[PDB]
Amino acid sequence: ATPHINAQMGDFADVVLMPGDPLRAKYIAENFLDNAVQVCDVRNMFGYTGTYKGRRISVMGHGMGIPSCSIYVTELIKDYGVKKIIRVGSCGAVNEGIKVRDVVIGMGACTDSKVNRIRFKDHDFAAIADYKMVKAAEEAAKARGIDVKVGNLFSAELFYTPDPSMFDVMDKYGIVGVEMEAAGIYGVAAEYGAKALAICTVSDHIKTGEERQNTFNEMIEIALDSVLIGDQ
């Protein structure tokens, strides 16, 4: 029993899929997993454990932003023995070579947050995903014939940014998508010795101002298939 998660050790699988919205975790448990049972509900942050093709897998919301996400993944790892975390969600694109509904994988995560600087003595910590998980997801996508873009995500602290000119810097530096928690997750996995990966689907084009459900399903199938591939 932890402060933010009302479950017991053993309730979660060693791998957890994590959308930000708890209703998306409920949607995933009911439509993609077999026999999912709810294992937590504190603060309405629903978490479930079921199986995918016989493999035990959990799915749980993490809320919005770095701080919220860090609390949950930190507790999953140190209190529930979770080894691998796959964040799943929507992101905004800033570059011309990425179109809405494209599937991006964050090999790395840039950020404007100070959390990695507080852990790394104020130097530049490169928040990165676990290589084998990236590979697994790219192979799972290829198997279904889905193209994915692997690159840097940008984890913003402020959804309603006071500095919009930063989207032009992101673009020039190849940022593939903007979300709000990947840099925090990667930071937590490094601090606690676990492995993470963030997968996103472009829901909006910040620059050009540019189905959704179906593309969401492809993202989920890719993440879940990457879990089985990762076990081999």
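Note that residue numbering begins at 1 and tracks the sequence as displayed.
- The deposited sequence places no unmodelled residues between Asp14 and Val15, so the chain runs continuously there.
- Stretches compared: 198-206, 59-67. Higher mean C-alpha B-factor in the entry: 198-206.
- Judged by mean Cα B factor in the deposited record, 138-146 ranks above the other of 68-76 and 138-146.
- When the C-alpha B-factors of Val115, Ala127, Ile98, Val82 are read from the PDB record, the largest value belongs to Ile98.
- Per-chain ranking of the deposited C-alpha B factor places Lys172 in the highest third.
- When the CA B factors of the chain's modelled residues are split into thirds, the value for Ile86 lands in the lowest one.
- For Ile222, the recorded CA B-factor ranks within the middle third of the chain. Only modelled residues enter the ranking.
- For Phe32, the recorded CA B-factor ranks within the middle third of the chain. Only modelled residues enter the ranking.
- In the deposited entry, the Cα temperature factor of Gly106 sits in the middle third of values across the chain's modelled residues.
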